[PDB]
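Chains as they are written, first to last, in the entry's author numbering: chain J, 126 to 319, 329 to 398, 408 to 453, 459 to 550; chain H, 126 to 319, 330 to 397, 407 to 453, 457 to 550; chain E, 126 to 319, 330 to 399, 405 to 453, 458 to 550; chain D, 126 to 319, 329 to 397, 407 to 453, 457 to 550; chain A, 126 to 319, 330 to 453, 457 to 550. Worksheet for the structure shown next.
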Amino acid sequence: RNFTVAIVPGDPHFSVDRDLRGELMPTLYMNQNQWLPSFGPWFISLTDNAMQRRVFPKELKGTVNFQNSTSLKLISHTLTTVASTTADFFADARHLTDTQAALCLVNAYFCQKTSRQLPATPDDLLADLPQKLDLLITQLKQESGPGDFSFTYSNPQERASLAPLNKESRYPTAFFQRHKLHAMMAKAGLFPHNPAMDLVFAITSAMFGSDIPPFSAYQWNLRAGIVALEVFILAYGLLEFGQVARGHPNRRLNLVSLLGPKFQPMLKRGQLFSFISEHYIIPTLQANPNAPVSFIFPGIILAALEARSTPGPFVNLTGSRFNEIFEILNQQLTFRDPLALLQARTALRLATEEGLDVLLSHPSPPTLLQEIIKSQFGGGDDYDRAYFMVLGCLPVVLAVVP
Amino acid sequence: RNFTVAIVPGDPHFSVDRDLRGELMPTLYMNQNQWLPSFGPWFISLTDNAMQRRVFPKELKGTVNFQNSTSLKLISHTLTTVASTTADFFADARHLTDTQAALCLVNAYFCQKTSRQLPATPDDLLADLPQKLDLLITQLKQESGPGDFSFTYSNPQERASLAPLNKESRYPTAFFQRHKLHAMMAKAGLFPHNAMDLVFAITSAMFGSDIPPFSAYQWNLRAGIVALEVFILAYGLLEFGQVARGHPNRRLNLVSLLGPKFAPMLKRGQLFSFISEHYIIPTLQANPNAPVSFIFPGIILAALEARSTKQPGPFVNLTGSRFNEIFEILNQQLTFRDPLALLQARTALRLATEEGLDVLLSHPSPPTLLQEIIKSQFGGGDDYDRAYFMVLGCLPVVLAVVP
Amino acid sequence: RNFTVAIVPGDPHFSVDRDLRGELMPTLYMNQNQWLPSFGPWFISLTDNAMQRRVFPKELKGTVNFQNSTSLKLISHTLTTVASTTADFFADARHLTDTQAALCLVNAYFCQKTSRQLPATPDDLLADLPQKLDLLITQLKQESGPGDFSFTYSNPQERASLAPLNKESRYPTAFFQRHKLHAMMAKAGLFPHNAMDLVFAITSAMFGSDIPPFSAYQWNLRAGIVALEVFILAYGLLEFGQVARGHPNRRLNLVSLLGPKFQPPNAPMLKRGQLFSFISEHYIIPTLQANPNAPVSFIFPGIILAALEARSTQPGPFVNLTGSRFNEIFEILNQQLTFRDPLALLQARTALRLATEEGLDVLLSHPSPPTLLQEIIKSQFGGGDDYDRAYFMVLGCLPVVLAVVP
Amino acid sequence: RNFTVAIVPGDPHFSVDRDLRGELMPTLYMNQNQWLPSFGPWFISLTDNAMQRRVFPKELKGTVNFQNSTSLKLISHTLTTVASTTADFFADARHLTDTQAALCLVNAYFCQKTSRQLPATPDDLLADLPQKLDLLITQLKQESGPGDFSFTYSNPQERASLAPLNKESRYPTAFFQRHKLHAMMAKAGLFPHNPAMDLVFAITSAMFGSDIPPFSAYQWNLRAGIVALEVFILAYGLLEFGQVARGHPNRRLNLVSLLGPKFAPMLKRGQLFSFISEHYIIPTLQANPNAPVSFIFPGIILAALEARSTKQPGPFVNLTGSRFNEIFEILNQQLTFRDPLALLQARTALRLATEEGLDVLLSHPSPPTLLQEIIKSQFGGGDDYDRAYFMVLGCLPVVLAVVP
Amino acid sequence: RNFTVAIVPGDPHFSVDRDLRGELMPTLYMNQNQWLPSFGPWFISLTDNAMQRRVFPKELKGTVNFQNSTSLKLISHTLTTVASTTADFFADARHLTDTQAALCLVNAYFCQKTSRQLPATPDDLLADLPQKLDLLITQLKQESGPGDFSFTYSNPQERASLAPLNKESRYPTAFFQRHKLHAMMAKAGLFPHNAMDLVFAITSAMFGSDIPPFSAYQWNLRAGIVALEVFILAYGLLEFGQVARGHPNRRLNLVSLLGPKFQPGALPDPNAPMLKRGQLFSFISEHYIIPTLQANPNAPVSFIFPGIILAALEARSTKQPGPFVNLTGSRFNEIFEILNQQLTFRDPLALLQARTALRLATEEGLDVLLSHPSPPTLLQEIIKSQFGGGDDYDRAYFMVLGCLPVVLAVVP
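And the structure:
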């Protein structure tokens with residue numbers, strides 16, 4: 126079950142057993158006499174905060190944290206936590222993965238707007254994904270009027286739950302009323318209340343079985359799908375005019391430094416995302432068909448968590469931006485409380501949805517995204533941005549002896 | 126509950142959860158292969174003495190103390206002890222914090238001398254604090270006659286107690302008679318014995344009916360006078376301060392300490417105005433009951449050092468007397484856990500600070516003596532270093548582990 | 126029972142108690158303040174993978190693995206596992222070692238083609254081994270037609286067993302039908318079904344009456360063919376070898392590795413087959429005189445490693465973060481150091497042997513086998529010349545000294 | 126209770142709580158990543174021997190001993206043991222400290238030889254100490270005839286006891302008969318047997343109470359006083375023509391190296416000792432009035448222990467442990483065995499070995515020359531500055547880089 | 126009870142409490158941040174082998190063994206084992222030390238061949254030892270005929286015992302028949318079977344009446360012959376020795392090893408008159424052998440010259459010409475078995491058998507050394523190849539120390 130992925134054109138292909146991040150990071154702690162990895166300003170601040178926490182797992186407090194680095198246990202557990210943000214923890218047969226729901230939405234929209242035949246197999250959902258996303262995004266840019274990319278809650282108890290309260294299948298009437306992406310797809314005829331044709335239901339009943347109900351009747355799949363679609367929209371927008379051939383002076387990632395002996408015309412608009420879709424998204428989903436969108440692009444999740452936080461020069465010594473990640477780590481490594489871990493997972497997911505709304509509500513979303521990746525994660529070019537979305541960090545080698 | 130502070134103009138703002146010193150210092154021990162922090166001559170002498178002590182907490186004797194540095198546990202426990210100098214340990218409803226009592230005194234004095242409206246909210250107490258302090262100080266400089274900034278004790282048992290003996294509400298008649306700051310405020314009509332009491336009008340409007348008049352329950356008057364002395368010394372030290380210039384003797388280098396985490409001259413009083421608006425006010429908005437020792441621990445340390453200030460010429464100080472009060476608190480709370488002995492140790496540190504504040508304020512040029520102590524014992528060479536030393540209680544530097 | 130071996134001409138002789146690899150490697154961890162050994166790209170990838178394994182023996186995870194090196198326990202246990210690839214674990218009196226079976230085959234073929242007298246003693250089997258191998262190889266090169274160097278399985282359960290299924294003495298009819306080396310020896314009259332059987336005349340004169348004819352009990356024929364493939368690859372690799380030249384890409388430096396233990405041009409070049417003749421007379425013969433039952437994997441573990449790597453062989461730059469190439473070695477290590485399950489260890493040993501046979505077929509099926517072999521030794525093991533290739537075949541690695549302080 | 130001392134002119138004053146050696150040495154182990162202290166050839170040999178001893182306290186065998194240095198526990202316990210050499214361990218009201226007895230002897234001798242009034246207070250005993258010692262020494266140099274600076278024992282059991290045997294107040298008649306210093310003071314009329331005026335008794339009854347008996351009646355004070363006087367005589371003689379202003383090429387002690395951030408007309412004869420007496424001896428005795436002479440000058444005690452050793459001519463490597471036996475036995479008895487009687491015997495052996503070595507030093511034709519040789523060869527001292535500091539510290543520490 | 130020794134002329138004298146090797150070696154582990162000792166190729170091979178042994182005492186496997194050195198516990202226990210090779214472990218009143226028996230033999234031979242009066246005191250035994258050895262050796266060189274320096278065993282059980290089997294006082298008739306040294310002394314009239332017995336006259340005057348005649352109780356004769364072989368090899372090795380000149384291949388550097396402990400002062404003249412034949416051994420006899428025996432009168436010959444014992448153990452091993463790497467552990471088996479028996483198993487009988495095996499291996503190697511056509515030449519080759527000794531200075535110090543330590547910087 127070995128699979129191969131490639132992130133940017135001209136770069137090497139990576140053959141992995143299961144997970145690229147999980148198999149790449151440990152290899153950076155094998156030359157501890159000469160160098161140790163560093164994962165950027167945000168991870169340096171995370172490491173500083175983690176070592177000060179009164180309640181924090183002892184196994185994540187290894188000596189490497191005090192040597193201008195982050196221990197392997199701390200960096201891998203942090204990245205795993207981020208990758209599980211949009212994973213489904215409700216044991217429900219009516220549920221699709223957020224990635225599958227997002228793919229059904231963008232494919233139904235494409236069939237409604239073009240004369241293209243409805244997708245037959247899950248492979249057809251991923252075929253021409255850059256073109257399907259490009260059509261949805263160019264129409265979303267033309268969506269004038271008030272509203273943002275947020276869900277409307279009218280109660281604090283309602284906000285603390287991912288699913289509708291009192292075991293209901295639908296969210297209250299106001300829930301999606303202010304969401305621009307939902308409004309555009311609703312106007313196009315998707316997810317209707319019922329005999330109005332439901333393209334999403336025709337796709338779900340042909341590939342994902344009879345158990346998946348119409349998105350308007352059981353609205354969890356609509357909410358999860360919208361949020362995963364926001365991640366794909368941000369990923370497309372960030373790489374839209376990307377170029378990687380040029381050796382940028384501010385390029386942080388150096389695979390020759392990190393890998394050592396293990397390593398052996409301009410791009411048109413949308414070509415960098417097409418490469419990542421064909422060589423990374425498709426092989427990742429072929430190996431892990433139920434992968435959440437947070438597993439595909441953990442860098443977008445991290446940038447969204449950072450967008451919530453956003459006068460002059462400033463030093464951030466606060467730990468609030470690490471609270472959701474640290475609570476999951478404390479619940480699964482120290483307290484082992486299954487209920488408290490489920491609540492911690494909900495808090496991380498809600499914080500990400502809040503940050504995604506900040507990113508998409510900005511007048512130029514890729515500009516804010518570029519600023520966060522540069523300031524908090526050290527990414528200076530399109531090559532760094534593409535690798536950061538996939539890895540969740542941009543590791544560098546720093547000599548142990550100066 | 127995150128809050129932001131700024132110490133000097135042009136410098137970065139620091140966002141902290143609760144405490145700047147407590148959150149900044151641990152970050153200096155995260156590159157132990159390349160460098161370790163050093164906190165100045167006084168802390169180098171403290172570290173030398175602490176490792177020689179027969180009775181000293183074992184957790185404060187970590188290996189970093191023997192590597193041209195001071196361990197994180199030793200430096201943070203020392204700074205916490207200094208920051209708690211004027212903290213209230215009597216559980217009394219009639220008590221204000223020393224900072225609140227000092228603010229009531231300086232605000233009542235300002236209303237008496239200017240006829241400006243009495244402060245309504247605790248925010249009004251801090252509004253125009255540099256101007257309120259400047260009026261009190263310029264009048265204190267004109268206070269001619271004998272007397273100093275000390276309390277008069279007529280018994281050794283009386284000296285060993287912070288509150289009046291035999292559970293009394295007032296101190297003996299001689300207690301405040303030699304204090305110039307008390308005498309000036311008494312002559313102005315503040316805290317009268319019953330006559331309009333401006334302090335009581337302020338305390339009953341913001342701090343409740345439980346706070347008695349300062350003349351009836353004199354603990355608040357004594358604590359307020361001492362905290363006011365710390366604010367006076369802080370204002371005087373920064374009075375003609377400039378930070379724009381990159382001084383050759385500037386010890387503090389935040390670019391070195393923080394790494395990846397990081407024109408018109410200032411008029412008289414402008415450096416203190418910046419520290420009041422960007423540090424004092426946000427600190428008190430987050431911790432309304434903060435003692436004056438938590439706001440400016442550097443003044444407390446300079447006061448403890450002023451007591452020490457005999458033969459002229461070169462001299463090596465291998466004595467531990469200047470660390471006795473801090474070390475006794477550390478021994479009582481980390482090793483012996485004796486509640487009574489810890490309370491006596493806390494009183495001894497507070498009395499030693501009051502003794503040193505009197506030395507500082509009795510000097511003909513108080514900021515000059517203050518500058519000398521900050522330079523010799525703490526390594527501070529300019530106004531930038533002095534402002535940061537008052538806030539941090541030290542001036543950390545990075546020293547390479549390998550030479 | 127001390128014995129002496131020499132690998133290449135002009136180099137020192139090594140006196141060992143039992144095993145050269147096992148006695149040489151520990152001596153590289155005796156200057157840990159100044160330097161630590163490094164065993165090449167394949168072992169660097171192995172070390173990376175071993176430290177990531179959820180189930181892996183704790184004693185093999187020492188600190189040296191994280192200091193640009195491989196711990197002594199990990200490198201020695203890996204090399205021992207490779208050296209035991211073709212060791213016989215069936216306690217059977219009808220069984221020869223794969224080396225003995227290969228020697229009987231090449232000697233019977235030589236007598237059939239030259240009419241030289243049949244070998245009388247086990248020493249006669251090894252006498253003129255370069256010449257006996259050279260005759261078999263030059264005839265194998267002339268073997269035109271379809272087929273490769275693989276065994277034909279018609280069932281997955283049949284593939285998972287080394288011996289024939291249902292305790293049978295013969296493999297199914299299709300088993301050897303596609304093997305070129307078997308076909309050439311069968312056409313020459315060797316191992317007939319009963330016709331004079333030269334192999335049986337050799338086995339009954341030196342290895343006792345218990346060894347049955349190769350056509351009747353076919354395990355010895357299968358084991359012998361595979362060991363013969365290893366000897367063929369070893370001969371082909373060193374065929375035009377020269378060691379006198381101090382090559383710029385020579386990785387192995389014994390002066391660096393041994394230090395004070397080692398007491399250190406116009407010389408004529410080695411003729412064709414002379415480098416292999418030196419290794420046969422000074423390494424193969426003394427090794428077999430000391431350990432008569434040594435498997436071919438103990439003689440040349442480097443060929444076994446190159447064969448395991450040949451199975452692995458998208459176009460362009462590539463980073464290999466997979467652990468599949470180490471699965472068989474790691475499973476044996478887990479089964480003998482941690483779980484101590486006799487059945488699971490036997491299955492793991494079978495899997496390593498089958499993977500090696502698969503890789504040997506890739507190496508021999510290549511149009512120029514020594515060229516592919518040279519490429520694998522260079523890319524995965526760092527060997528840049530004939531000196532490195534000869535030492536790699538014997539040691540299973542090419543250790544270098546790397547300074548602990550840069 | 127903080128006090129200040131100064132060792133040589135032009136050097137800094139040291140403010141200490143109780144003990145200069147005890148407070149200075151720990152400060153040398155605070156930069157262990159860059160440097161460690163080294164205390165000279167004798168201490169290097171001591172460290173080598175201590176680590177080889179089968180019976181030696183484990184707490185004194187720290188890692189610093191194996192890193193071209195001596196651990197803080199080993200160096201401080203060694204120096205404390207040397208400083209306690211002449212400390213009084215008999216709980217007796219009739220006893221003076223050896224320093225007090227030596228001061229009474231030199232002051233009584235000065236009053237007998239000059240018109241000067243008898244000292245009234247203990248401060249008067251120390252007033253003009255260089256001048257009082259100078260008078261006694263110049264008369265001792267004129268003492269012709271046989272005899273040395275040793276006590277005469279006529280029995281091995283008598284040699285193993287500091288006090289007279291069978292609880293007697295006087296030592297046998299032969300005991301002081303060969304001692305030149307005792308003979309000179311006896312001829313001068315000091316300590317008479319009784329109506330002969332006793333100047334020593336007039337001093338002791340005025341400052342040290344009525345419990346101190348006349349030196350001739352209770353002779354322990356006379357024996358202890360004579361030995362402490364020998365230490366003061368050797369200290370005066372060593373620094374008699376000392377100069378410190380000159381920066382000598384062979385000066386080992388470098389206080390700028392050791393302390394770091396914590397830190407012309409010639410001296411006339413006796414001026415270097417006058418400085419050490421006024422700025423070190425007097426403030427030390429004002430803070431610790433009952434200090435033994437071994438606490439004031441432990442370097443003289445160490446040089447005396449080394450003088451016993453001083457067989458074959460030429461280059462020589464000393465791998466013996468005999469010179470450390472007395473110090474090591476005290477360390478074993480107080481840190482490991484805790485045997486009160488054996489510790490008392492070990493203390494007596496160290497004191498008797500010191501008395502034996504002081505006799506070797508004073509019997510040499512040029513005592514400061516032998517003293518200079520020992521301080522140079524065993525302790526690394528190359529000039530008067532080093533010699534003055536060695537007498538006070540008992541060693542001359544140097545900083546040696548951990549990385550070469 | 127401190128005593129002083131000197132090994133070569135012009136060098137410093139060493140004052141020790143009891144043992145030079147035991148007191149010198151620990152001083153080399155006191156500067157571990159800058160340097161660590163290295164004891165030569167044989168000890169490097171020993172250290173490599175010791176760390177690979179499945180059965181080996183854990184206390185001898187310290188970290189220093191893995192830092193281009195040998196731990197203090199391993200080097201001192203190895204040297205102590207070698208020094209105890211010929212120590213007497215039979216609690217018998219009829220027994221002399223092998224050194225005392227060798228001295229009685231060489232003194233009786235000297236009295237038989239010269240007009241010299243029989244020695245009266247144990248000091249007279251050591252007086253003129255170079256001259257007494259020189260007379261015995263020059264006569265041994267003239268001993269023509271077959272035979273070597275070995276004992277003849279006619280049974281494997283007989284070979285496994287140091288003393289005669291079945292509690293007998295005499296060895297079988299064939300035992301000494303092939304030994305050239307025994308044959309020469311027997312022809313001279315020494316140890317007769319009862330004829331005047333010069334050896335018995337010496338033993339009964341200095342070592343008491345308990346020592347029986349060498350022909351009646353033959354253990355003293357066997358032990359004495361073997362110790363005499365060690366003295367003969369020591370004399371032969373230093374016979375034409377010179378030390379004044381600073382050789383380029385001189386391994387031992389006492390200035391490096393001792394540092395501040397060594398006061399160099401005045402260095403010897405390299406252009407000074409040469410040492411005459413026997414003068415280097417005379418210096419070692421007067422300044423090392425005599426003071427060592429005055430301090431430890433019952434010292435075995437292996438304690439005086441452990442380097443000869445090590446060279447003898449190495450002589451057994453001595457087939458192919460050229461460069462050679464020795465990865466075998468056979469040469470360390472006898473030493474390692476003693477170490478395992480006294481530090482790990484604590485079996486009194488097995489330790490006694492291990493001690494016998496080391497003594498028999500040494501006797502076998504001494505025969506190889508003395509049977510070589512030029513014994514000092516083979517001895518020089520072994521000291522150079524296995525112990526790093528390149529000159530007479532190194533050879534004299536190697537005989538005494540059992541090794542030639544060098545300082546190697548921890549940081550290169």
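Built from N, CA and C at the ideal position, the CB exists for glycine as well.
Can you check whether the C-beta of residue i is within less than 8 Å of a C-beta belonging to chain D?
| i | result |
| --- | --- |
| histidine 138 (chain A) | yes |
| residue 557 (chain A) | A question about residue 557 (chain A) goes unanswered here, because the residues of chain A that appear run from 126 up to 550. |
| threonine 172 (chain H) | yes |
When burial is assigned at 16 or more other CB atoms within 10 Å of the CB, is residue i buried or exposed?
| i | result |
| --- | --- |
| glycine 343 (chain D) | exposed |
| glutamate 268 (chain J) | exposed |
| residue 454 (chain A) | No coordinates exist for residue 454 (chain A) in the structure shown, because the numbering of chain A passes directly from 453 to 457. |
Taking the straight line between their C-alpha atoms, what separation do you get for residue i and residue j?
| i | j | result |
| --- | --- | --- |
| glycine 371 (chain A) | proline 514 (chain A) | 6 Å |
Any Cβ of chain E within less than 8 Å of the Cβ of residue i?
| i | result |
| --- | --- |
| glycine 376 (chain A) | no |
Against chain H, does residue i count as a neighbour if the rule is that its beta carbon must be under 8 Å from one of theirs?
| i | result |
| --- | --- |
| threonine 466 (chain J) | yes |
| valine 130 (chain D) | no |
At the 8 Å Cβ level, is residue i part of the contact set with chain J, yes or no?
| i | result |
| --- | --- |
| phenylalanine 397 (chain H) | yes |
Any chance the CB of residue i is under 7 Å from a heavy atom of the ligand MG?
| i | result |
| --- | --- |
| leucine 507 (chain J) | This structure lacks the ligand MG, and indeed carries no ligand of any kind. |
Which runs of the beta strand (DSSP E) at least 3 residues long sit entirely within the stretch 126-208 of chain A? Give them in chain order.
128-130, 138-141 and 160-163
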